[PDB]
Amino acid sequence: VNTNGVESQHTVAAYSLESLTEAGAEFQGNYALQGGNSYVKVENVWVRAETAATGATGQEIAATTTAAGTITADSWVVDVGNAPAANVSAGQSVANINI
Amino acid sequence: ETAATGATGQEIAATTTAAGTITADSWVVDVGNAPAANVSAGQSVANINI
């Protein structure tokens, strides 16, 4: 995702569609609302998203919604935060392997 | 073009600062101004330098 015009790679947790549809979520386009949490379909995997103006960094807009009964009308942005349950990174790169 | 002129949430192109005579704004790619005819090209035939 590009922030302020420069791209970067962020690791964020992913949620399966089956769990979302089992929990009783209301969907709209690429946007979902399971309840107190909101999700956007930026790619084939669903990710929790922040409402708007939280990062205040001009991040790429994940999706836009409308009334749709009980859906807030806002321009949603993928949550750059929301670290996974177990955030583990590779100790060394491929070119710096030391075992 | 400057920010708050597309009014669609378009992807931000670049952000600048003062740096002298440059206005600090979140510039965005100006959708529109399609290639128009009758515009000066690079060089003439007799002065081709590529």
Taking the Cβ of A:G58 as the centre, find all other residues whose Cβ is under 12 Å away and add up their charges (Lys, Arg: +1; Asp, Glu: -1).
-> -3
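Is it possible to state the helix-based mean residue ellipticity at 222 nm for the protein assembly as shown, with each DSSP H run of 4+ residues giving -39500 (n - 2.57), the sum divided by total residues, to the nearest 500 deg cm²/dmol? What is it?
-1000 deg cm²/dmol
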What is the Cα radius of gyration of the protein assembly as shown over 2.2 N^0.38 Å, N being its residue count?
-> 1.49
Evaluate the relative contact order of chain B (contact order divided by residue number), counting alpha-carbon pairs under 8 angstrom at least 6 apart; express in whole percent.
-> 32
So for A:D79, B:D30, A:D74, B:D25, fewest C-beta neighbours within 10 Å to most, what's the order?
-> B:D30, B:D25, A:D74, A:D79
For chain B, what class follows from the C-alpha gyration tensor (a ≥ b ≥ c being the square roots of its eigenvalues): rounded when a/c is under 1.5, otherwise prolate if a/b is larger than b/c, else oblate?
-> oblate
Rank these for me by crowding, A:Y15, A:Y31, going from fewest to most other beta carbons within 10 Å.
-> A:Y15, A:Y31
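Taking 8 Å as the Cα distance limit and 6 or more residues as the minimum spacing, I'd like the relative contact order of chain A as a percentage.
This gives 26 percent for chain A.
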Any idea how far the Cα center of chain B sits from the one of region A:63-96, in Å?
-> 31
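Cβ coordinates were reconstructed from backbone atoms using ideal geometry, including for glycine residues, and neighbour counts include every protein chain displayed. Bear in mind these aren't lab numbers, they're just calculated from the coordinates by the rules spelled out.
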